[PDB]
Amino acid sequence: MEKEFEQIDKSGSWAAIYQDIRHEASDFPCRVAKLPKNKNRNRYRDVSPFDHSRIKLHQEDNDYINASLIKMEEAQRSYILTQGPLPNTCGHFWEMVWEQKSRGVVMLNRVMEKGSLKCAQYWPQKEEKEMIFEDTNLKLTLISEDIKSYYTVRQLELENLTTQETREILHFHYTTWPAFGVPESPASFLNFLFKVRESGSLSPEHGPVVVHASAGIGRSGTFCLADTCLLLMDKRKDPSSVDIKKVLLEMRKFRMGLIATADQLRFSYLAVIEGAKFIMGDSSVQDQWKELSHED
């Protein structure tokens, strides 16, 4: 399959394939997203959630959050893809997390990128300055954080002021991945994903992991597209059978514009290819990605 990656790469036709995917991609309506009352719950005019897969808030004033429930029946895995919270949807974001019983949050942007804020400071930065969202009646405390060269693994305690309940949310922050860009390498990327897997945030015992970026379509799409494909190869009895193009189109049935650049699409291929080695076997000395990642 890997040489199959070159032939497309020798032809340098990725832009051709990516535009085909863009053309063949599903086109469902987003009536709720475009309602006037929700003009200010959306970071971008052009990224909105389909009405059919959009997450809904159990609150009764408005139920709109720019979040989509991607559910992959064949792989058995679901993710919640969403935009980077805004100054006013931060309580919605953690409300979404709490209601959906999500255990992990995957952040693929940085609050500030290229001199502009793409996201909100929606998690407290100091153990002593807990955050409290009055509208959704939630309180968020920072517990402990592990910082690596390119990612950070915070540990948050989200608590419901109403029921008095509390949960441990894991925060996986990829701090070096730039908008429309690609991770420094597949080794760096695979390292990250596999850390998310082991935390159990992805296990069906919990809600769906929440994955986001500035708009939660480009970098996040590459994340799930890599994750889901690898998930399939261990399942189908012919790991070569996985069609990366087919899978991306399937996700685009739940959220628009997953994967934002022909390059991102290309990297997605490499990550599965390099990651397939772990799934496939990975020599007589696995754990290699741990060494090659350059974490600290």
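A residue's number is simply how far along the shown sequence it sits, counting from 1.
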> Averaged over C-alpha atoms, is the B-factor higher for 229-237 or for 37-45 in this PDB entry?
Replying inline: 229-237
> Is the mean CA B factor in the deposited entry higher across 181-189 or across 208-216?
Replying inline: 181-189
>> Among the modelled residues of this chain, does the Cα B factor of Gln155 put it in the lowest, middle or highest third?
In response: lowest
> Once the chain's modelled residues are ordered by C-alpha B factor and cut into thirds, is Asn62 in the lowest, middle or highest one?
Replying inline: middle
> Taking the entry's C-alpha B-factors for this chain, is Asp27 in the lowest, middle or highest third?
Replying inline: lowest
>> Could you place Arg266 in the lowest, middle or highest third of its chain by Cα temperature factor, using the values in the record?
In response: highest
>> For the chain shown, is the CA B-factor of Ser149 in the lowest, middle or highest third of its modelled residues?
In response: highest
